[PDB]
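Read the structure below first, then the notes.
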Amino acid sequence: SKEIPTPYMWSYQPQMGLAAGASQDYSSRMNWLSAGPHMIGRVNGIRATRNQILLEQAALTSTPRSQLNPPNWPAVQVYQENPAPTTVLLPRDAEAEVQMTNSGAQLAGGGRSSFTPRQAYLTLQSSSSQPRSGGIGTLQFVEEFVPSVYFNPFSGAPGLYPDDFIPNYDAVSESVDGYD
Amino acid sequence: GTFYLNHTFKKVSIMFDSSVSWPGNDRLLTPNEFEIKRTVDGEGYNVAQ
Amino acid sequence: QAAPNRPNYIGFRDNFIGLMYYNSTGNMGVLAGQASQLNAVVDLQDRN
Amino acid sequence: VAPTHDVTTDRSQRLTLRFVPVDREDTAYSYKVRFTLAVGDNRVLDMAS
């Protein structure tokens, strides 16, 4: 009961990207009620492994932070997207091409051109101007927010409980912004 | 297990948390539904005569 | 004793709407690529 | 078990897709079209489908 708890699994928010408040795992339980002593000490020996795998997974994978389910993620702790700088091939450098038309030759069609020998091409940055904050994606929620195994559950002062397990709770208001 | 109303269906939508539509990421010819029976007109998606 | 017929003014619709007709599941239009022909205009039913 | 890798493409691919003729020949007995079937570098076929 208190010692081998069925772990609190989270729920994903697709819109905000935050954690949608966790819930007790109620869809993987064995029905050990029809079992004598040689198996109900084996079933409890199984849950005591997934409550130890989930603690040796929470250290390898999750970011060490204070506020689990934070409302506003920082910039550096969110996966960014930095592709290669987009190498743009400029076709015809017009520093000597506008002289060709002013000589009288109208151009058409379209090295790269025969009248000019040179061909410059520029590169430019392909990332965003500012990195992204406020909300993690789906694969970040695959990575972080492993099911939190909560031992000796709800055993303390008010406010000392995990208040974000309530799937209605604002993390920076100490309150449900309810119907108003 | 002997059913006889198998033909009375149209669009079947499956959406997790009401915002990720599940055919996958726009995997079909309409990104938010499984079209059982396009009755009316329009494209010629109708196969199997 | 005569009396004049009542007039109307049969023009087109305001802003030509309904000529293209939108928001029909089926009989909707596409804007696709040549190399793939995947639709980028699917028209949902409940959107005027 | 299912093979958990090597089936799923996280990029938004497409299970099925119609193509459009880029010509036509309305001969009184014949009717000729040519197509432009092409893939995005990672989509093999069987062409019997």
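Every chain in the structure tokens takes a letter, A first, then B, and so on in the order presented; its residues are numbered from 1, and the ligands are numbered from 1 following the presented order.
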
Hey, list the chain C side of the contact with chain B: 9 Å cut-off, only C-alpha atoms, answer as a ChimeraX atom specification. /C:25-28,38-39,42

Restrict the selected residues to N, CA and C atoms and save them as a PDB file, in the first residue's frame.
```pdb
ATOM      1  N   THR C  25     -17.997  18.845 -47.684  1.00  0.00           N
ATOM      2  CA  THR C  25     -17.242  17.598 -47.642  1.00  0.00           C
ATOM      3  C   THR C  25     -17.425  16.888 -48.975  1.00  0.00           C
ATOM      4  N   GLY C  26     -16.390  16.899 -49.797  1.00  0.00           N
ATOM      5  CA  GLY C  26     -16.616  16.596 -51.199  1.00  0.00           C
ATOM      6  C   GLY C  26     -17.050  17.827 -51.963  1.00  0.00           C
ATOM      7  N   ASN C  27     -16.663  17.863 -53.242  1.00  0.00           N
ATOM      8  CA  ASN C  27     -16.670  19.070 -54.076  1.00  0.00           C
ATOM      9  C   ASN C  27     -15.907  20.200 -53.393  1.00  0.00           C
ATOM     10  N   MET C  28     -14.674  19.898 -53.003  1.00  0.00           N
ATOM     11  CA  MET C  28     -13.734  20.882 -52.498  1.00  0.00           C
ATOM     12  C   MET C  28     -12.523  20.909 -53.416  1.00  0.00           C
ATOM     13  N   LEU C  38      -0.216  15.951 -52.981  1.00  0.00           N
ATOM     14  CA  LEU C  38      -0.918  15.926 -51.708  1.00  0.00           C
ATOM     15  C   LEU C  38      -1.665  17.240 -51.539  1.00  0.00           C
ATOM     16  N   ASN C  39      -2.864  17.158 -50.984  1.00  0.00           N
ATOM     17  CA  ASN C  39      -3.722  18.327 -50.896  1.00  0.00           C
ATOM     18  C   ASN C  39      -3.280  19.217 -49.746  1.00  0.00           C
ATOM     19  N   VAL C  42      -7.862  21.064 -47.577  1.00  0.00           N
ATOM     20  CA  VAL C  42      -9.017  20.252 -47.219  1.00  0.00           C
ATOM     21  C   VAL C  42      -9.973  21.162 -46.471  1.00  0.00           C
TER      22      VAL C  42
END
```

Contacts between stretch 12-25 of chain B and chain D, please, where a residue of chain D counts if it comes within 9 Å (with only C-alpha atoms); show its shortest atom pair and distance in Å to one decimal, rows by chain and ascending number, as a tab-separated table.
```
residue	atom	partner	partner_atom	distance
D:10	CA	B:25	CA	7.9
D:11	CA	B:25	CA	7.7
D:12	CA	B:25	CA	5.2
D:13	CA	B:25	CA	7.5
D:14	CA	B:25	CA	8.6
```

Test item, strand (DSSP E or B) assignment across chain B, answer as a VMD selection string: chain B and resid 12 15 to 16 20 to 21 34

Give me the residues near residue A:76 as a list in words, where near means some atom within 12 Å (using only C-alpha atoms) and where sequence neighbours in that chain fewer than 5 positions away do not count. residues 63, 81, 130, 131, 132, 133, 134 and 136 of chain A

Backbone-only DSSP, alpha helix (DSSP H) members of chain A, as a count of residues only: 33

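Taking atom CA of residue C:47 and atom CA of residue C:11 as endpoints, the distance between them is 25.9 Å.
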